[PDB]
Each structure stands twice: as structure tokens, then as C-alpha cells.
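Every residue, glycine as well, gets a Cβ built from its backbone with ideal geometry; the counts of neighbours run over all protein chains shown. Each value in this text was obtained by applying a stated rule to the coordinates, not by laboratory testing.
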Number of protein chains: 2
Amino acid sequence: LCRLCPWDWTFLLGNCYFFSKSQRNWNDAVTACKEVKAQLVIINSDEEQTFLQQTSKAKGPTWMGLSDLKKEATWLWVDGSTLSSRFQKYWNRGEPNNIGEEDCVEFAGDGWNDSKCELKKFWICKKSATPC
Amino acid sequence: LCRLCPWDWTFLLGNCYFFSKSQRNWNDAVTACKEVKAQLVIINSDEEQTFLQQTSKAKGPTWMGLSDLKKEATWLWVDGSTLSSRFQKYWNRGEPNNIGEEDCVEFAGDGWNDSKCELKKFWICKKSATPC
Ligand SMILES: [Ca+2]
Ligand SMILES: [Ca+2]
């Protein structure tokens, strides 16, 4: 009886993902994920980014665990790690913009936008799986 | 008899721009611009970027003075200055990619791609105007 991820979480490449059914502001989304020992999703591979971008298209704009709330124009994941050069290609054309006003990052369409953190959007949690 | 820019060069915001009629590889484009005391275009304002992106759409993919030939994934203008955070929004979705293989930057459509430097593309030169 191999259970890769908890009930209603999805396994992808050694991690477990939870796709919210409701919409919350960015900070509340962060908190929701911490409630289940997880983090508002931190993207770390292209296959992961591809899967979360597709899934998120079916619901609508969706938060990820990325923001420049600490220092404008510097984007940090919720675990404090820096956004790598190779991931900057995921930004949509024209993003990030409205710097200092739109401080949190969302999947929008086929890439990332920065958006106003107070907006309510879907969100995704990620934590490690338990292998079999 | 006020002449803002030399013959067949276009004035925009204190600078003079030359739009090639032929296509050259990136290095040859750099050299062409140096022949006329100019530089393969270094973008320094949004109004400038807007104007060069529109004009370049009418001809086809066009080189700008930007490349990561010195150090992969670090993009420097031809005068050695670094690419600012605010200009990274000009990259098309999915760019820059093919890192280390596509080392020079072009206007493509409505944003920037990195491309193989050996390809022949149009190009644009920029130098200071002489005020009146
Ligand atoms: Ca935005
Ligand atoms: Ca490319």
C-alpha cells in the first residue's frame, strides 16, 4: 500500500503538490501552506514549472512562493533563496513591471507576472514526498 | 539650418539612430557601427526601446548591442555596462534560453530573444546628437 503523497496531493518528481480550490491573498496563501508543513510553491525545475503552469491555466491566476517584499526588484522565494538566472525566462514579456507596487508573483497564462499581493488568487503548496 | 543628426540618421531624445538596410552577423554589425563613430544600439530608456521595437518589426529580426559573450548568462551592452533589472522585462517569454549557444540579443517581434551570433540580421547604430 504505497502512498506517495497525502490525500488529495499530487506527486511530481519527489515532491507533493496541493492545488487550492479557493482564492486567497499572497500572505494568507503562505500561511495556508505552512499549516500543512508545506511552502507556497518554489519552482526548482523546468518540468515542475511546465506542469504547474498548465494546471494553473485551468483555474486562473495562481500564486507562487516568490516576491520582492524584502528588497524591491530583487525576487526571493519564500525560503529565502534567490531567483536564478535560468528561471528569469519564465517571466511573461513585459514582466516584472510596476516595480514596488506589484510585489508578489503569479502564474498567469503561459508565464509569470508580478501582481498586487492583496489580490485573491488560487495557490499551490509544495513539500517533499515520502518515498516507497 | 539645424541638422540634428547626419544624413539618413534619425533623431530621438538627444541621440541619432541608423537603421541598416542589409543584414550582418553580430560582430560585423558591431564593426559597421564603429565605422561611423557609433555603437550597436544600447537601449537606455523605455521610449527608445518602444521606438526601436516598432521600427524593427517592419524589417525583421534586428541586432542590438547586447550579448553574454564575456560570461555566459551575464548580459553586457557593447560599452561594457550591465543590463539593469528594469530592462529584463523586455525579454520575450521564454528568453533568454539556449544559454551558451545563443549569445547575442535581437529585437524579435515585440521583445528580445537571444540568438546565434553568426546569423545575419539587420542592425541599428546609436550615437549622440549635435544639439541646436
Ligand atoms: Ca505586472
Ligand atoms: Ca533564444
Of all residues in the stretch B:91-105, which are within 10 Å of another protein chain (Cβ to nearest Cβ) and buried (at least 21 other Cβ atoms within 10 Å of the Cβ)? B:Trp91, B:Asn92, B:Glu95, B:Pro96
Search result, residues across the stretch A:49-90 that are away from every other protein chain (no Cβ under 11 Å) and of a type in the set (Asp, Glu): A:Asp79
If I filter the stretch A:44-63 down to residues being of a type outside the set (S, T, N, Q) and without any contact (Cβ under 8 Å) to a residue 24 or more places away in the chain, which single residue comes out as surrounded by the most Cβ atoms within 10 Å (Cβ to Cβ)? A:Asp46
Whichever residue in the stretch A:111-132 is farther than 11 Å from A:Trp91 by Cβ and of a type in the set (D, E, K, R) and, among such residues, is nearest to the other protein chains (Cβ to nearest Cβ): A:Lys116
Within the stretch B:113-125, considering residues that are farther than 12 Å from B:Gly65 by Cβ and assigned to a strand (DSSP E or B), the one nearest to ligand 1 (Cβ to nearest atom): B:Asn113
From the options A:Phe107, A:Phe87, residue that is part of a strand (DSSP E or B) and in contact (Cβ under 8 Å) with a residue 12 or more places away in the chain: A:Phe107
With the condition kept exactly as written, say whether any residue in the stretch B:64-76 is assigned to a loop (DSSP other than H, G, I, E, B) and surrounded by fewer than 16 Cβ atoms within 10 Å (Cβ to Cβ). yes
For B:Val36, state whether it is of a type outside the set (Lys, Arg), touching a residue at least 60 places away in the same chain (Cβ under 8 Å) and loosely packed, with under 15 Cβ neighbours inside 10 Å. yes
Meets criteria (aliphatic (A, V, I, L, M), closer than 23 Å to B:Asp46 by Cα and within 14 Å of chain B (Cβ to nearest Cβ)) for A:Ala108: no
Scan the stretch A:16-60 residue by residue and report those that are of a type in the set (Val, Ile, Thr) and part of a loop (DSSP other than H, G, I, E, B). A:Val36, A:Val41, A:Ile42, A:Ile43
